[PDB]
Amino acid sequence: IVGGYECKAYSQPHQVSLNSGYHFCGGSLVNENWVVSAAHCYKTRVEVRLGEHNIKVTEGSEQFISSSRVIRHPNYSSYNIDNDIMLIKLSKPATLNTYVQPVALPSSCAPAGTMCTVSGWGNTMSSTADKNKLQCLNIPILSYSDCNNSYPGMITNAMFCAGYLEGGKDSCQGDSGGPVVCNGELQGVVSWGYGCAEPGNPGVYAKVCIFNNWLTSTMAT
């Protein structure tokens, strides 16, 4: 997260860290047995770390749970990152508490201008922001017109832009797969963008609100 502020510890209880030796992507707990992330973060197996604030030190609220299933969206394509969404089933249910809580799926699609929160342990491009601690940032959803204008022909119906065309505030590598929450619902998944926080290059996110059926259907399994 570039240009944000440190999240208060456990203020984003749905935020999870996908770990394979080291943190490599974010994710969002949507129920005790399932986590939503980006398809490009895929691995046959991954360790889900919940209840994290500082990912380098044990703080007592962590729960490390190995995956039992990793399911990429059937229409995910690596050539353009279309349908960059994925579900991770936990081998054992997460124990919900004050530090670990699921985030609701969208009950509607958030329109342009809606303010959201994006968080993660990715690149901060800062010499003062402790990258080991969960970073927070508020970003508004941009219109499709702004999105396509920024990335001509690269935006599908499964993507939306959020952030500021002026630059300075954006998510970044390492935040990938992480949450974009607006009005208490998971509207997006950190996916891609040109560089980070660059003017005219806003962040692009998987549009969770058009995947409700696939998500619900898949979680029945």
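When you see a residue number, it is the position in the sequence shown, counting from 1.
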Once average C-alpha B-factors are taken from the entry for 37-45 and 168-176, the winner is 37-45
Going by the entry, of stretches 48-56 and 64-72 the one with greater average Cα B-factor is 64-72
The residue of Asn138, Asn123, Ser143, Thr98 with the maximal C-alpha B-factor according to the PDB record is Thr98
From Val118, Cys109, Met115, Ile85, the top C-alpha temperature factor is at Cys109
For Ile155, the third of its chain by CA B-factor is the middle
Binned into thirds over the chain's modelled residues, the C-alpha B-factor of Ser28 lands in the lowest
Of the three thirds of Cα B-factor ranks in this chain, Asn19 occupies the middle
Here the Cα B-factor of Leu215, set against its chain, lands in the third termed highest
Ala104: CA temperature factor from the record, placed by chain third, in the middle
